[PDB]
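Have a look at the structure below, then the notes.
All chains are named by letter (A, B, ...) in the order of the sequence lines, taking the proteins before the strands, and each is independently numbered beginning at 1. Just so it is clear, the values below take in all heavy atoms, side chains as well, and ignore hydrogens, waters and symmetry mates. Order of appearance sets the numbers: ligands from 1, and atoms from 1 within every ligand.
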Protein chains: 6
Amino acid sequence: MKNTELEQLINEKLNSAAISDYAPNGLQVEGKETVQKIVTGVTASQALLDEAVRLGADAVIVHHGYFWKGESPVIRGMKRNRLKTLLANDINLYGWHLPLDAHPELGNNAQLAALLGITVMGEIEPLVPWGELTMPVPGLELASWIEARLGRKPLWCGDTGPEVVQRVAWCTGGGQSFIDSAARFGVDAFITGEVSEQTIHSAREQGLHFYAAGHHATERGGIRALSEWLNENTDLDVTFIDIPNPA
Amino acid sequence: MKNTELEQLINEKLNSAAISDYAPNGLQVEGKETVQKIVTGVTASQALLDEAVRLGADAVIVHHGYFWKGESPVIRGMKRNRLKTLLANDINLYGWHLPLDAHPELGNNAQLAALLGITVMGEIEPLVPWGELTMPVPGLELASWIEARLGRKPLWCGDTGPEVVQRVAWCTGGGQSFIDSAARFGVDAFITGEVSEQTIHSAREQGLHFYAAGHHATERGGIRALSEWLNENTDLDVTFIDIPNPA
Amino acid sequence: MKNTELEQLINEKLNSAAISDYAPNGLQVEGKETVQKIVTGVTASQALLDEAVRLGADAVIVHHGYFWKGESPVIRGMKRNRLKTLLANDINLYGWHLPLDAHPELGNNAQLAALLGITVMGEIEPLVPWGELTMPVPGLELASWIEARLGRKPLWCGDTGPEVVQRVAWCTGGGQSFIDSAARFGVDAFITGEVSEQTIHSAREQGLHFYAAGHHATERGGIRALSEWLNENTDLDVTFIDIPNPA
Amino acid sequence: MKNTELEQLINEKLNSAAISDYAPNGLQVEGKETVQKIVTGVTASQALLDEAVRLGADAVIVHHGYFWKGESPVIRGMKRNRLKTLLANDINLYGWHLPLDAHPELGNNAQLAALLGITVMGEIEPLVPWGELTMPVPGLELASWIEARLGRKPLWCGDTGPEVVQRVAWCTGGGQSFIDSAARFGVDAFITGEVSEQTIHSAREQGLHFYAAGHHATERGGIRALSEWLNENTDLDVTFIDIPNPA
Amino acid sequence: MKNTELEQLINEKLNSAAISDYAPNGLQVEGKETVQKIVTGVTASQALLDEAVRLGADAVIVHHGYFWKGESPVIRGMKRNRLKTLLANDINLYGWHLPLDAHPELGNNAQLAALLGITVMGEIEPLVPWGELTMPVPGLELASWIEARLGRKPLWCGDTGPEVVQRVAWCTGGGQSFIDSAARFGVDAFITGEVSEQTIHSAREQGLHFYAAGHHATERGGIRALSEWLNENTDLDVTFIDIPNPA
Amino acid sequence: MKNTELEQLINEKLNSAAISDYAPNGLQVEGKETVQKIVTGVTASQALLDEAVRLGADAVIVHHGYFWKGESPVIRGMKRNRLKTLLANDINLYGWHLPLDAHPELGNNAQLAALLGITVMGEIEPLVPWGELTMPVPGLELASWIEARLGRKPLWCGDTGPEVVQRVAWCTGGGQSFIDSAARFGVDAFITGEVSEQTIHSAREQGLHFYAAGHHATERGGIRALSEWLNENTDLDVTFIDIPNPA
Ligand SMILES: [Fe+3]
Ligand SMILES: [Fe+3]
Ligand SMILES: [Fe+3]
Ligand SMILES: [Fe+3]
Ligand SMILES: [Fe+3]
Ligand SMILES: [Fe+3]
Ligand SMILES: [Fe+3]
Ligand SMILES: [Fe+3]
Ligand SMILES: [Fe+3]
Ligand SMILES: [Fe+3]
Ligand SMILES: [Fe+3]
Ligand SMILES: [Fe+3]
């Protein structure tokens with residue numbers, strides 16, 4: 001496929017142009033016009049980029065790319081390293097940030113719900129869907145449940161949460177700032193990827209179970225799902241590569 | 001002492017006025033004019049406030065108070081509980097944010113250096129000092145040391161760091177984003193409180209040992225040091241309370 | 001019944017003579033010729049033995065007796081205490097090892113399948129049957145299931161196993177070494193009693209859920225079944241005693 | 001350094017030739033001749049192997065390599081993915097088994113004693129040293145101490161062990177079979193990595209505290225000490241990676 | 001020694017007259033005037049009696065004799081068999097109930113504290129001493145310490161008990177009703193022998209770890225200690241016999 | 001329905017007035033006059049109370065309520081928490097104790113017999129019915145049957161019981177003290193909820209099998225049955241909640 005057709009194909013599937021973001025979504029670093037083999041991961045790290053080269057990929061797709069608002073434009077250190085590995089090999093780089101968090105089918109938020117057994121019921125705010133566990137459980141068992149489906153032990157704070165958690169709201173990644181709004185809505189538990197010092201008081205003082213289940217662990221779902229979707233809806237050859245990151 | 005005198009006292013000691021902050025520093029919630037009994041802690045959570053009411057405190061002093069730039073002014077939920085508790089009991093709340101991180105003697109940054117046995121040697125940027133462990137050791141050993149000193153296991157990522165750590169830089173709290181600027185400066189390890197998804201690629205791609213030693217865990221030093229400084233320079237009865245937060 | 005007659009009755013029921021074992025199967029320590037009260041258990045330990053004496057047993061039958069290939073014939077310490085307890089009281093000691101692991105009806109392997117609700121469908125190797133859970137479930141669920149039916153928390157390694165377990169192979173006791181053979185056959189889970197250091201990499205690298213359910217825990221099934229079989233098929237008074245052992 | 005030079009340096013330091021073993025010690029898989037960057041780990045699992053490739057290691061050195069006595073020579077499944085990863089990247093694999101268990105200074109056995117605070121006083125059998133805790137404690141406390149020093153809860157069996165443990169014997173890894181020998185020598189406790197059905201009866205009937213502290217957890221000592229010894233005695237850049245394993 | 005002399009010896013040693021209870025303390029069934037060989041056990045069961053006859057005892061001492069308040073005085077069934085075994089053989093039966101629970105040195109309560117490493121520091125109520133573990137551990141581990149020390153898995157309930165138990169109160173036998181009183185006093189755990197339906201609610205609603213460690217299991221200490229005291233303070237030949245009882 | 005009409009409806013169905021009891025039967029704590037939503041359970045524990053408040057219940061009905069003869073009338077600790085939860089929410093508390101154990105259709109005794117397949121044939125004494133299993137089974141088979149129908153492993157002491165049990169008597173809850181009376185009557189097995197030290201001797205010395213199947217476990221029957229009886233003969237909305245109690 002042509003690098004600019006793939007950009008178009010996914011941009012429309014995710015209704016990407018319509019979403020205001022922190023970074024440019026779509027083709028971020030141009031490469032060869034003709035794409036056939038694609039490598040994908042959560043983040044465009046040096047490690048992911050070296051694999052794309054060893055595997056001979058023509059394009060790489062990530063949920064976290066570069067050119068984030070407010071960062072220095074200069075190309076030195078890490079950025080020179082990464083950009084050279086791409087440019088020198090004519091590898092195309094694509095990144096989809098928020099559109100890839102929110103899409104109803106393929107998004108990180110939707111894939112987490114399905115992975116954790118949550119029936120999605122609505123949305124509190126743009127990136128904060130709510131729903132209920134198809135099998136409500138005490139706060140401790142929910143932590144082991146998360147741990148087991150995600151392959152990572154979450155930080156779990158539930159000193160004052162309800163007996164059983166049924167109603168849950170979540171946001172993958174660094175969504176901890178959304179705990180107060182999920183508390184005002186009324187949930188038994190708020191799930192996200194990272195944690196902050198104030199997030200813990202929000203949990204205790206408002207009576208809900210909090211789970212920080214990993215930034216990387218909660219953000220494999222969307223990019224992974226957009227990979228299967230490209231394998232099923234086109235002839236491109238795409239491979240999702242999970243490169244661990246404990247955060 | 002008069003609540004406004006004690007604000008002026010800390011203010012001049014921390015050279016607070018000169019520092020631009022994300023929140024007001026000094027008296028944040030006025031109470032009884034005469035302050036004698038004082039409770040301090042990292043954050044003005046409901047839990048500290050209840051301890052101040054039980055202990056009959058006249059003031060509460062913290063590293064993290066209220067009225068952060070950009071939050072809603074409205075007072076409901078946790079804010080109403082916290083402010084009712086302070087206002088209805090005439091308790092003064094004072095908070096000092098950056099000044100309590102930066103002070104060379106009393107600051108969170110300098111006390112962590114002392115606690116971990118690091119000789120301060122300069123600063124890379126305003127909230128980022130650098131120096132050297134007076135007893136260089138490999139990264140794993142530094143991890144164990146940080147954990148015995150702070151009473152908490154830190155996240156350590158050192159797969160590509162030197163075999164011995166000598167030169168270090170650090171920022172207590174949520175200073176993870178300073179990791180790149182420390183790498184440019186040249187250090188073997190960077191220590192801060194929290195960690196984000198991107199922090200890990202920085203540790204890895206620039207070859208330094210990274211430790212996320214805990215937000216609360218790393219910001220007990222300053223308010224604790226200041227509380228002793230008040231006990232030794234005034235007749236006030238100041239009691240520092242450490243209410244555990246895992247983040 | 002006569003001691004030698006009870007021996008041949010059981011020998012023929014488990015078709016024992018045809019099986020090459022690591023120890024003698026049948027009467028191992030001769031007692032009084034006439035047997036009427038029998039005490040049974042997983043292993044002929046001093047605690048079972050002391051119970052047989054306290055209950056006036058004429059014979060004791062176990063899955064794990066004595067005289068294993070390679071052990072010193074000498075009789076000191078433990079063996080002295082155990083053999084004297086048996087010989088001085090005229091108590092017959094009988095043990096059936098591999099024949100009590102494989103019998104299609106009474107064997108530990110078959111009993112463990114009924115205990116856990118697995119439909120047996122074939123065998124990969126002599127002590128390695130396979131089958132399917134009549135209720136396919138995720139690994140965490142199977143872990144809890146095993147714990148409830150066995151009264152003991154198994155060690156579960158499922159990092160790379162399928163979302164749902166349905167095809168399973170198992171071998172009670174020290175059968176960890178059979179995991180690769182099962183993995184080549186194609187199963188979703190492998191269950192056994194003990195675990196070794198290499199077992200963990202076999203499970204992770206071959207994509208299956210592995211459970212070390214307890215050597216003692218998984219081996220109460222055969223001897224208990226044989227005890228029940230003896231009370232139903234002869235007039236002896238046989239009492240099975242479970243003496244806990246966490247390994 | 002040349003690969004074959006490394007082999008001889010370590011062989012001579014461990015007196016490797018004179019020890020008969022269940023597997024070959026030294027260079028197990030040949031790779032590029034010039035070795036400068038080395039990755040070490042407990043076992044040459046796929047996981048350590050992928051970490052060696054990601055860090056651009058030239059050699060990997062482990063306590064557990066391949067080619068055990070009796071294992072099939074055919075290269076299929078995990079052996080193929082393992083060997084391909086090594087041979088295709090020209091990485092050298094070295095493995096030292098019993099020599100790395102017994103070395104008086106660097107070995108797993110000697111390293112456990114130091115870690116647990118036991119003064120070594122002699123040897124019961126080649127891989128079974130004995131000594132005394134410098135700080136004798138009751139069995140319950142010895143279990144907590146082994147758990148804090150190894151970062152893993154051990155299985156403890158002490159139903160008939162002495163009030164206080166002082167004389168101790170041990171053998172990292174799968175050395176449970178030595179427990180009887182330790183009981184004849186005469187000790188208060190015996191410590192190893194794994195547990196078997198039989199080990200428990202041995203502990204109970206001989207009057208000692210038994211602890212199975214983890215195969216893996218008891219064997220990072222030797223390979224880590226040997227890495228530090230290579231960093232101090234050569235210009236190679238050696239890094240130990242601890243890949244967790246619960247058994 | 002004369003039966004009436006032994007009665008008076010123990011009577012004065014445990015200050016028996018002063019204590020009122022549910023049954024007569026002292027000689028309950030008179031026998032042979034001259035007492036030289038004694039058998040002792042927790043309870044005057046047919047099974048202990050049978051051992052006294054087999055052993056040629058002149059006397060039996062227990063913690064639980066006959067003639068409890070409200071019991072029918074008629075002698076049939078079990079009472080006839082027991083009284084016959086005693087009278088026909090001229091065997092003296094002595095029993096000490098509460099005096100043998102409370103004696104500061106020899107009583108069941110003091111003896112369980114020595115057995116479990118608890119430093120006695122006082123008394124909450126007459127049969128309820130309190131103290132502190134010299135080895136503070138989590139609830140789960142205390143369960144395991146109790147099980148190893150008494151040879152019986154206790155029922156442990158600590159869903160809402162403190163992370164670490166240190167202050168403990170306890171009463172051997174059927175001391176479950178004292179749990180609310182230990183709670184008011186203020187303890188991290190309470191230990192008794194039996195358990196009732198309401199006990200569990202008291203443990204959970206009062207935030208403490210509760211253990212029903214076994215009636216028989218916790219009441220061998222006193223009678224065994226009295227037997228040792230007798231052997232060391234007279235020329236009587238005394239043997240304490242543990243006849244198992246799971247309650 | 002009015003709270004007093006519901007009281008009279010159940011009192012007459014259970015012929016409650018005519019039974020002497022250890023606690024008041026009927027309306028124990030008055031709340032709102034109009035009852036439509038009812039929660040029931042075995043005991044009015046804080047856990048059940050919190051569940052009725054969460055479900056918006058109007059009345060709570062139990063087998064074990066409050067105000068047992070001999071208890072302090074003082075309202076402190078658990079009693080204040082419980083009563084405040086009922087009174088502050090205008091929730092009525094009803095309790096039926098002996099009438100709910102004895103009712104021929106709905107009582108605990110009759111329901112356990114139906115659950116266990118026992119044909120009721122008479123009564124030995126008031127709370128002690130007798131009958132026969134359809135067909136006679138060995139003690140071990142009956143212990144597994146109890147375990148499978150009740151979901152909890154019972155304590156079974158059968159050392160001297162007959163080879164097959166057919167005739168059984170039983171009393172749910174704390175009815176161990178009825179064993180001798182049943183033994184006198186003549187049964188093959190006695191079943192109750194709890195066990196005491198002295199119950200084991202009755203079972204051994206009187207030749208019967210004894211099963212302690214759990215206080216809570218055997219007392220869910222009548223309250224469940226009464227709740228279904230209420231949903232079938234009135235338009236009340238009644239929900240029975242089983243909150244596990246291992247005792
Ligand atoms: Fe993200
Ligand atoms: Fe995201
Ligand atoms: Fe901070
Ligand atoms: Fe700060
Ligand atoms: Fe076995
Ligand atoms: Fe076996
Ligand atoms: Fe090993
Ligand atoms: Fe080894
Ligand atoms: Fe007692
Ligand atoms: Fe007692
Ligand atoms: Fe009851
Ligand atoms: Fe009842």
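At distances below 3.5 Å, at least one donor-acceptor pair connects side-chain atoms of C/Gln111 with backbone N or O atoms of C/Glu105. Side chain of B/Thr172 to main chain of B/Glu219: no donor-acceptor pair is present (N/O by atom type, distance under 3.5 Å, no hydrogens or angles). Remark: side-chain polar atoms of D/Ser196 are not paired, donor with acceptor, to backbone N or O of D/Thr199 under 3.5 angstrom.
Within a 6.0 Å sphere centred on CD of E/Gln198, heavy atoms belonging to other residues, nucleotides or ligands number 12 at most.
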* Before giving the answer on side chain to side chain contact (heavy atoms under 4.5 Å, CB included), spell out for C/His64 and D/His201 the whole-Å C-alpha distance, their side-chain angles and the decisive distance to 0.1 Å. => CA-CA 12 Å; C/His64 296 110; D/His201 302 303; over 6 Å; no
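Here the side chains of C/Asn245 and C/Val42 are not in contact, with every heavy-atom distance at 4.5 Å or above.
Only protein N, O or S atoms were considered, and those under 2.8 Å from the Fe ion (ligand 3) are B/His64 NE2, B/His215 NE2, B/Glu219 OE1.
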